[PDB]
Each structure stands twice: as structure tokens, then as C-alpha cells.
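Consider the single chain below, provided in C-alpha cells and representing the form deposited in one PDB entry.
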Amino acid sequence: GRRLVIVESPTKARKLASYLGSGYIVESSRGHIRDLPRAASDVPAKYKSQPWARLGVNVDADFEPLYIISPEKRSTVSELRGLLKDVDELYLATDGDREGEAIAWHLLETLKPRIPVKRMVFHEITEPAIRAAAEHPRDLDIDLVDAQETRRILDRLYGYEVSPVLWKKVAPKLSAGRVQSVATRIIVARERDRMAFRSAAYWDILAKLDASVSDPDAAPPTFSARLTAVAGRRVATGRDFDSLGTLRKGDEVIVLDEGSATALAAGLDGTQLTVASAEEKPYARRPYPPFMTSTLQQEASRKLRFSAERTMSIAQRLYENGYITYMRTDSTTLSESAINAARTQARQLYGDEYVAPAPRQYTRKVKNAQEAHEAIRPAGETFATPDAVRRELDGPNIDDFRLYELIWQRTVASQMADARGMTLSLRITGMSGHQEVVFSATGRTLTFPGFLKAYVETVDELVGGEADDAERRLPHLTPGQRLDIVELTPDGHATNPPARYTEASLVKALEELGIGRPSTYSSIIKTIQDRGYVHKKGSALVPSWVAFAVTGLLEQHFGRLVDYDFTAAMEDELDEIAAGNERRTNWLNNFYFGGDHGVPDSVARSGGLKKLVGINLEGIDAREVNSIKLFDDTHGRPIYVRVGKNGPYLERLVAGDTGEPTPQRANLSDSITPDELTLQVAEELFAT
């Protein structure tokens, strides 16, 4: 009575074997065992008579794939076949999402069992979860397998059609990547917005006011306020200017400068201000939901400074070793046992007052419940505390401890009571010579921390802002109360260009645009950095010059392929295949050959990928593709970056010795970010 069990990895195999016990042999497939051909030599002799076999897809026979065993996986397949000959049953215990379902399907196609097969699905590796899964197998879900295969074939066809354009028009060393190119466009577009941004100056007055002379119990006795109106005209702030430094077409404002702000402050010397309005308004802040993949990568990035790749590598270990639930999920739902476990831990650490009065369920509907239906949380019916786990995960496993702690803290905080406090507003009037001025101040208290004692989100380092537990205190004041002026400071400001993305804020955008999925956020972000499209300047993602070249080529000549809405619709359509609401063959025929289905003017409705890419490329001039226009110099001569074989350089045409146009050049490193290469910097590079 021997049973063979197959999982993706050796760590998972040892952990399952520890719970299944005697009579189970648990082996690892090392991931996928088959793939489309990667080179001519992968094509077996039987298929060398098929001209499509190297591409690996017969588009004329409903996109029939040629799956072959990768040469580095032959010995794995050979061992599994030999083991199979000596067992009475086969258990396939890969992940239950479409990736793991496709691996199970491939193992069946390759191993061809003559014995019963049980497909085991679980989202945490605990003795009760593994025992349950073995006793209650799931039927193989061919809709999941078809969705996985649709994406595999899509990626192969996309690469087959688009790569040669990139090679001919940009550089031979480039690889096509469809969703990668969209993420790169997001980053390029932001850099272009920063390059085109022009700042505007505006001034106000910062006042330090002292209320201790009027009300001796004022706490705090001093506070800050800013000038917000003059003679019934609102003072301009940074939000009132457009991206070129001109006022928006909204309500009238007055833009102060140094002179007018200083003159206003001067007319306020020796006078008192008067409280006009003072409001105290309660707020109640609900806890953050339990983690899903997107918010785990965002918070691990902002708080722990982990890259999304590092976070998912750590989470994989924590999952395979039994510490957390499955880490690729769009659910924030907790099981009844995990709600009760979190609520008990909160009570024991923070007291009855800090537990939510009723249990909190964050039942956000998941697009496919078959693939992952629980939040990322500590595994088991009772969560191991961090203190309990700190010893097991010390030394070289410190990353695992730190991410486990973050997950534990988030999960307990999700079952805690709302935070409470007061939002504070203050409107203050005075007179500067003949002109009435208004001063404004705001404030926020935290009278009850609630869940914030256990978890506070970290603000994005580039966007900035106030943390959810920060407090800004203001004394209690009454309309008509007099205030003395301690200090008056005319204060100068400039508008700021839109923030670059961090890894955290790019994940957030990929999720909100509907372009990323739990299984793809981190691989997109890692791949755009490894293939040289994007690099890191501190925590900021900065596009390289070749990213401008490739993004421009796609935008100018293949625009539907990098359109955010068309991309999100394709990702949604693949999900419909996974749910059994759309057919693999129908989808591939419509996308590749053209069809009457999908959103208006998509690749499919315009005639299909094959026709879209196969336009006349002679009109695409490689020289302009690899030329990024920056600006004219003071003589009106265009300056541009050229992406050469040896990397980028600055260029402009100038009068030679004969007076005819002559190239002047200056080589460029990624030390200079694109929005830093101003005209002034360019002239400096041209001098050397």
C-alpha cells in the first residue's frame, strides 16, 4: 500500500511527508516538466516534418501545442516514471491555481498512470490541512489548464511576432514582453511628465500664534496657522497650478510673492487675531483588511524595504515550511477559525477594549474562488507568536521572521477595534492695514488607538504624507477669542513634479489598472529591471533611455499593444477562460487571426495580432526610433539622446569648419536621470 505524491519543490515535499507519514513517498517535480520548444534541437524526430514545430504552436489546427520534456528535466521525469511503477496510487499536490493545475495536468500527460489518481488542493501546509486534502481530492479542472495554456501560447505568439520588430528597429539584444512593456510605459510616462513639468512659485505667511494670554488653560498654548485668504480672495496654494506652472481654470485666487506676503505680514505687527470658526468633528477609522498579495508586497516594500521579488521569495519559503497561507491570492477573506485566532490574540495582548465588538469579515469577492480564496495570514488554527518563532527563524532566516511578523501583526490588527479621535479645523481672522486676512489651521487627535496599536501602514517614501497614527494638536478655542502673534514668516514655495513610482506604488498601479495579477506583480517588476528597461535610484524606479526607445516604437506604430484598457481586458478574458466562460480556441483565434469579440477597437477587433504586426515596417526608421528628443538649445538646435550599440549618448547638429552640419556628441551614463538632463546639464556635457 504505497502512494506516490508529487509537489513542485523539495522543501514542500519534505514538509508534506512529515504530515502524511508512512506509506507515502513524496517527490518533487522541480516545477514544470514540459514546455514549448526552446530551440531547434528540442523538436523530436516525429515532428521535424512539421514546419510549425520550432514555433511549437500549430495556428492552423486550433493552436495545437508541441509540449516537449526540457532536457534538464529528463532525469526527473525518468525517476518519477520508475517510482510510479511501484505504487498503488498517485497523488498530485501542486498549488490549486491555474499554474499548479497545469503542472498536474502535464504530469498526467507525461506519466500516463495506470493506477488511481487523487488531486490534492490546500492553501496552508498543516497536519489538518494536508490530511483533509488527501481525503477529499478535487476533480482536475480543465478550464484552469486551458487558461494557463492560453497565456503560454499567447506569450509564444506575441514573442514570435513582436521580437523581430524590436530586433530590426531597436537592438538585437532585446526580448519582447507584452505586460512588461505596459509596466515600462507606466514608468516612462511618469518620467516624461516630470521632464515636461514646470514649477510655479507662490508665497504665504506662516504664523505662530499664542493663546496662553487669553485662555490660561490652552493646551497646547502655541500653534501654527497659514494665511489662506486676503480681502476675500483665497490665497493660491500648490494645488492651484497646472503642470506648466499656470493657474488652473477654477475659482479665483490671489498669487502672493515675497513682496506682497512681507507687506501683509508687516501690517499685522502689533495686532491680534480673532477666532472666527472652530470645529471638532469625531472620526472612526476601520482596521486595514488582512493582506493579499498586492498589499503584502506594498507594505513589505514601504516598511521592511524588501523588493517585491525578495518578498515573494521569502513568502514562498514561509508557505512551503508551514508558517503562512498561500501567498498568491486576491482574497482578503479570513476563515472562521482564523478570525477567532486573531481575535483571541488581540484580547490577550491588548485587552477586551481593543478587540472589535463583533467579528470582522472582509469578504471581497474573488474573480476565481477555485484558485485562491483566503487572505495571507499565519498558518494553523492557532497562530504561532513572533516571539515563539523568533528562535527558529534567527540567523540566516531573519528575512523570514521579519515578513512573518508583518503578516501576523496585520492579521491580528484586522480583528481589532476602530481607532477614534477628533478632526480639528480653525478659521482665524485679522487685519493687515486695510485688508482683512484669514488664517487657517487643522489638526487631528487619536483619543483611542484601536488596531493602530498593532499595525500602522507606512507612507510611500516618494509620495509622502501623514501616517494614520500621527497627531496634530490644537488648543480648544471659542469663536471671538483673541490670539497674540509670536512670529510671522513670509514663506516661499514652488510646485513639485509628480512623484516617481516605488516598487510599492507600481504594484498598486498594476493592481488598480487591472494589469497585474497576484502571480505576476513581482515577476513584472523584476523582469523590467533585469532586461535593463528600469533601474533603481534609492527607492525610485527610473526608466533607461532604451526604455524610451522601445516604448516610443510601440506607442507610435503598435499602440493597441501598450494600451492600458486593452491590456486589462485581455487579462480579464484569460480569467473568463479559467472560469469556463470563454473558450481557449475561440479566444486565440479571435486574438491572433481577428474576430468580432472583445472591447471595441482591440487587437482582435482590428484584425488580429498577425495582421497588426505585419504592416510595412520599411516606413519605421530605426534612426528616429533610437533618438529621444529632449529640447532645443539656446540657438534653436535640437538636442537628443541616441541609444547606440555602446549605450546612450547626447547629440546635436552644429556648423562644422565648412559650416555644414556636423554631429557633436557626449556619452551618457545612467548616473543622470532623464528629468535631470536639463539644457544646462547638456551644455556642460557638451563642453567636456
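Numbers follow the displayed sequence, beginning with 1. The term rigid core refers to the maximal set of C-alpha atoms that superpose within 1.5 Å between the two forms.
We do not show the form deposited in another entry, though everything after this point is about it.
*Asks:* Choose, among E252, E353, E618, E512, the residue with a C-alpha displacement of 2 Å or more between the shown form and the other one when the rigid core is used for superposition.
*Replies:* It is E618; the other listed residues stay below 2 Å.
*Asks:* So with the core overlaid, does the Cα of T11 end up 2 Å or more away between the shown form and the other one?
*Replies:* No, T11 moves less than 2 Å.
*Asks:* Once everything's superposed on the core, is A655 shifted 2 Å or more at the Cα between the shown form and the other one?
*Replies:* It does shift by 2 Å or more.
*Asks:* On a core-based superposition, does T673 travel 2 Å or more at its Cα between the shown form and the other one?
*Replies:* Moves: no, less than 2 Å.
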